[PDB]
Amino acid sequence: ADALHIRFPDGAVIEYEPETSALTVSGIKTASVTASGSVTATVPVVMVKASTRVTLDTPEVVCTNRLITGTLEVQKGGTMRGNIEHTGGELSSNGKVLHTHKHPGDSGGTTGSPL
Amino acid sequence: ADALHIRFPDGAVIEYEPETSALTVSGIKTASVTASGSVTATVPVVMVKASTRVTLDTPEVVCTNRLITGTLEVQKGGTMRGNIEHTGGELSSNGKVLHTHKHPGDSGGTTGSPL
Amino acid sequence: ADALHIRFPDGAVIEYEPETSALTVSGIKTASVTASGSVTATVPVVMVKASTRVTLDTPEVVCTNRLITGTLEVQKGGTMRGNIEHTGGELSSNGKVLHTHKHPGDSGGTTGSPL
Ligand SMILES: [Ca+2]
Ligand SMILES: [Cl-]
Ligand SMILES: [Fe+3]
Ligand code: NA
Ligand code: NA
Ligand code: NA
């Protein structure tokens with residue numbers, strides 16, 4: 001056909017509105033999509049507003065350019081290439097702080113912090 | 001109308017079940033959505049269970065709060081702010097290990113590792 | 001029923017093609033899905049091709065295994081565990097470079113860079 005406009009007894013909406021070219025699904029509890037090949041979305045802007053969590057349960061997540069986050073937790077290691085510029089706190093490894101650490105010196109005293 | 005309940009000859013299902021408020025798409029090979037503006041999902045929990053890969057092919061991925069990963073690979077650099085606490089292995093740069101590295105000292109010997 | 005094949009006056013397509021088991025939504029401007037519980041996608045490959053941005057506006061994004069990115073920006077700190085191997089530039093914290101930094105030594109001179 002030529003239309004999609006559904007109002008359900010639970011208050012859900014599933015429709016397409018060609019005047020504004022808007023596909024709307026609202027008022028549902030769950031959605032799922034199960035496919036054997038691929039799911040693709042091609043659009044300038046993707047917004048996911050998830051008040052609990054977004055889980056990407058996969059061997060690999062690839063971000064092709066920039067990734068921005070508030071906090072980061074890495075569990076099992078990694079690699080980094082390129083200039084990595086840390087500021088605004090301490091970058092420590094096993095308690096040793098990059099910008100402030102000292103060493104025993106070579107003649108019995110202590111070095112200063114990094115120059 | 002008021003219902004959406006489709007069973008296809010390939011075994012796929014596309015339906016909405018208002019008793020449980022559940023939208024189900026199953027038994028398909030591929031899905032795609034192509035839009036000129038935006039795609040938005042607003043829901044407490046998003047689960048993506050992808051046995052091969054999730055690719056976010058975009059100039060920028062933004063996580064507004066926490067990001068947790070198993071391993072991390074950064075290809076082209078970055079910035080970090082705030083306290084970054086590494087433990088449980090070596091944090092190295094060009095082979096130099098933050099928590100264990102030593103230097104030639106200022107009078108001919110070698111420093112100890114970081115205090 | 002047993003079919004889903006819609007052509008709209010704006011040129012949009014919403015259909016399922018059982019010959020190839022392909023669900024297609026195309027030629028739209030916006031889509032949104034609003035749910036009170038969860039949205040789940042289970043499929044080997046997820047592709048998001050977003051010419052402006054992907055935003056995960058959530059307390060927590062979890063990648064269960066590998067995360068790969070071009071650049072990284074961490075705004076508010078974090079933790080890292082496991083071996084983290086940086087190469088191919090400078091890893092600095094508050095201007096102090098892991099692989100090249102020096103210290104005042106313990107007898108009035110300057111240390112060398114890391115061994
Ligand atoms: Ca000395
Ligand atoms: Cl010294
Ligand atoms: Fe040092
Ligand atoms: Na530490
Ligand atoms: Na290294
Ligand atoms: Na720095």
Side-chain angles (χ1 to χ4, degrees), chain A residues 66 68-69 71-115, chain B residues 66-69 71-72 74 76-115, chain C residues 71-115:
Chain A
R66 302 181 289 280
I68 303 177
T69 191
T71 62
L72 175 66
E73 175 181 355
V74 178
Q75 300 166 322
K76 312 283 204 168
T79 62
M80 302 193 294
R81 292 182 153 195
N83 292 323
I84 300 284
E85 184 186 11
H86 171 266
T87 63
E90 295 184 340
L91 177 55
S92 65
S93 177
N94 303 308
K96 311 312 180 183
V97 179
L98 177 48
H99 83 289
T100 63
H101 72 284
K102 299 178 180 180
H103 302 255
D106 68 358
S107 50
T110 304
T111 70
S113 293
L115 290 178
Chain B
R66 302 181 289 280
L67 173 60
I68 303 177
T69 191
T71 62
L72 175 66
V74 178
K76 312 283 204 168
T79 62
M80 302 193 294
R81 292 182 153 195
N83 292 323
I84 300 284
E85 184 186 11
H86 171 266
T87 63
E90 295 184 340
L91 177 55
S92 65
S93 177
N94 303 308
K96 311 312 180 183
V97 179
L98 177 48
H99 83 289
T100 63
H101 72 284
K102 299 178 180 180
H103 302 255
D106 68 358
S107 50
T110 304
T111 70
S113 293
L115 290 178
Chain C
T71 62
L72 175 66
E73 175 181 355
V74 178
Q75 300 166 322
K76 312 283 204 168
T79 62
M80 302 193 294
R81 292 182 153 195
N83 292 323
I84 300 284
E85 184 186 11
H86 171 266
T87 63
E90 295 184 340
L91 177 55
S92 65
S93 177
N94 303 308
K96 311 312 180 183
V97 179
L98 177 48
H99 83 289
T100 63
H101 72 284
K102 299 178 180 180
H103 302 255
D106 68 358
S107 50
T110 304
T111 70
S113 293
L115 290 178

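We count ligands from 1, going down the list as the structure has it; atoms in each ligand are counted the same way. Quick note on labels: first sequence line is chain A, next is B, and so on, each numbered from 1.
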Regarding A/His103 and B/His101, is there a side-chain donor-to-acceptor distance under 3.5 Å anywhere? yes
Checking side-chain contact (heavy atoms from CB on, under 4.5 Å) for the pair A/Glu85/A/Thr87: CA distance, chi angles, key distance, verdict? CA-CA 7 Å; A/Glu85 184 186 11; A/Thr87 63; 4.3 Å; yes
Among the N/O/S atoms of A/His103, select the one at the shortest distance from the Fe ion (ligand 3) and name it. NE2
What angle, to the nearest 10°, do the atoms NE2 (B/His101) and NE2 (A/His101) form about the Fe ion (ligand 3)? 90°
Of all the N, O or S atoms in A/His86, which has the shortest distance to the Na ion (ligand 6)? O
At the Na ion (ligand 4): angle between A/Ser92 atom OG and A/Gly95 atom N, to 10 degrees: 110°
Hey, is there an N, O or S on A/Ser93 sitting under 3.0 Å from the Na ion (ligand 4)? no
Is there side-chain contact between A/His86 and A/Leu98, with heavy atoms separated by less than 4.5 Å? no
side-chain contact (heavy atoms from CB on, under 4.5 Å) evaluation trace for A/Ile68 with C/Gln75: CA-CA 8 Å; A/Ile68 303 177; C/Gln75 300 166 322; 3.5 Å; yes
Taking A/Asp106 for the side chain and C/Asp106 for the main chain, is one N or O donor matched with an acceptor at less than 3.5 Å? no
